[PDB]
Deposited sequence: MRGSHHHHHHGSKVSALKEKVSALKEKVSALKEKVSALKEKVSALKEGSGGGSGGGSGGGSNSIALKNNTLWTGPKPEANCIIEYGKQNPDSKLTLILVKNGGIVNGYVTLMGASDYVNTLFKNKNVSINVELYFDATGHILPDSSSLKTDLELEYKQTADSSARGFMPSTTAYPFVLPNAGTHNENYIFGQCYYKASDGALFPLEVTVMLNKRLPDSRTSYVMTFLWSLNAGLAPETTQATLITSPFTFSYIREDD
């Protein structure tokens, strides 16, 4: 009913984690479901390169995904980590965007606006079965990368362990992280 905006359930490599790299090195599953005045979100990232799939050979690691949308809620693929636009399940996608009233854009470097953040946790299950917490930070709007952009949504997964989940290459998977935010008018 128009109510789902997503990457599909099992997307091909569509996302770039590694700075400078020219083609997707990861698979971002992102699902945004419109429900009343909020969006319910579901996001998981799967590695698809040796670089991404060896990140957890280190104890401290940060993975950033930046999504920038235009005025009609379509991805700007050049600047975004995600290189393919989201699609509706069943035209404008403005109504899935984060509210600029609840999560306003602010003056670039003036004060602090922690009103624009969602924090949470998901996990990485290592090849030996050990489960490591990943701290999740979602930033909504707040700040523009350029003057072409109308909406912002960034994800940061952060691991800080006494130990490195891995000593070898292993398929990176962030366990599903769910979240909700106040959506813009349709």
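Not built in the structure, per the record, are deposited positions 1-66, 157-161.
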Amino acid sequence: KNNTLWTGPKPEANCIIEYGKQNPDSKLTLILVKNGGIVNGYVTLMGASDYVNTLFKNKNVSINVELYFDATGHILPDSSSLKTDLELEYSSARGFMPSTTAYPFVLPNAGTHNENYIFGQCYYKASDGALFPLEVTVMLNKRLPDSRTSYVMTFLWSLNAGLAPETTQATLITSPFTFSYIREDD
From here on, numbers count along this sequence of modelled residues.
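Checked against the record, the higher mean CA B factor of 176-184 and 1-9 lies with 1-9.
For the pair 69-77 and 104-112, the record assigns the higher mean C-alpha temperature factor to 104-112.
Within the group 137, 54, 44, 64, the record's highest C-alpha temperature factor is found at 54. For residue 154, the recorded CA temperature factor ranks within the lowest third of the chain's modelled residues. Ranked by Cα temperature factor within the chain, residue 88 sits in the highest third according to the deposited record.
Ranked by C-alpha B-factor against the other modelled residues of its chain, residue 26 falls in the middle third. Remark: residue 127 belongs to the highest third of its chain, ranked by C-alpha B-factor as recorded. Sorting the modelled residues of the chain by their CA temperature factor places residue 147 in the middle third.
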